[PDB]
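Heads up, the chain below is alone and in the form solved without this ligand; it's given as structure tokens.
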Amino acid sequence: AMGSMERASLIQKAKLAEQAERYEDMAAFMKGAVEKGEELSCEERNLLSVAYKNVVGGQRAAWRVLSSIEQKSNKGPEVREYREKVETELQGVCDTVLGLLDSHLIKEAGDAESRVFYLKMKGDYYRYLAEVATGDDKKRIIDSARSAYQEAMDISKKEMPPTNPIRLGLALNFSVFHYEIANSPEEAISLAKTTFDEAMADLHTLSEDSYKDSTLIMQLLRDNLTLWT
């Protein structure tokens, strides 16, 4: 439905929707902006990520509540029906995001900051699909997440400093993938610890403001290391 609205107007309205905490509207505005076909700036990529992370975050929290109730019941079919409703809507949001990345955000992303950002997003949305998947459809979804994260890591290590916040956040989320999805707690701890230590050694190169940006994410790595060790 956003075909008739100006790209600039879509971006302006996404920012208004963020201020209003209207994240479903924010995501529809930013989907419309992506579908204009032009590449996104750094600000715009962040608007797209904030919108969908808040939409899928609501869905994941609801799915977890319903799944817990369903497991405790294991009356009639209603808890399973409603958990399946919420699950299908969550899957649809992830498939929307993955579709924007495949048509055609990733293929036109040539700079490291854009290409790593999009491949991290592809890892994250396959990861949310894996959280609700079962069996051996689940295996192929987990491998799709792994592959996207790994391509993003390879580029980030070649092209960005170890304190770059997108590099840091990629490594944080890939560590969470290993601990929560891939049953690989030692890989998770290794990655979080190596990433924290390599960033610490590069902090001296940063301005006050960059230092604030990087140490924020480093603290998240440390918080996880504390939960996991």
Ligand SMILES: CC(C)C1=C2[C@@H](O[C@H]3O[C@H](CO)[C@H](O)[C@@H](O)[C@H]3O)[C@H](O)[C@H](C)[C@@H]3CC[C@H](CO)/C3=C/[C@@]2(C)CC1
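In this text, residue numbers run from 1 along the sequence as written.
Same protein, other form: the form deposited with this ligand bound, not shown, and the subject of what follows.
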Clash verdict for this ligand in the deposited bound form, overlaid onto the shown chain (3 or more atoms within 2.4 angstroms of backbone or C-beta)
open
Decide if the three candidate residues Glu39, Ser103 and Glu151 all line this ligand in the deposited bound form, where lining means a heavy atom within 4.5 Å.
no
Using 4.5 Å between non-hydrogen atoms, is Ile217 touching this ligand in the deposited bound form?
yes
Using a 4.5 angstroms cut-off on non-hydrogen atoms, would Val50 count as touching this ligand in the deposited bound form?
yes
In the deposited bound form, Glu24 touching this ligand (heavy atom, 4.5 Å)
no
Is there a heavy atom of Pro162 no more than 4.5 Å from a heavy atom of this ligand in the deposited bound form?
no
Residue within 4.5 Å of this ligand in the deposited bound form by heavy atom, from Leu66, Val34, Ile166, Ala182, is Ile166
What residues of 15-45, in sequence order, lie within 4.5 Å of this ligand in the deposited bound form by heavy atom?
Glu18
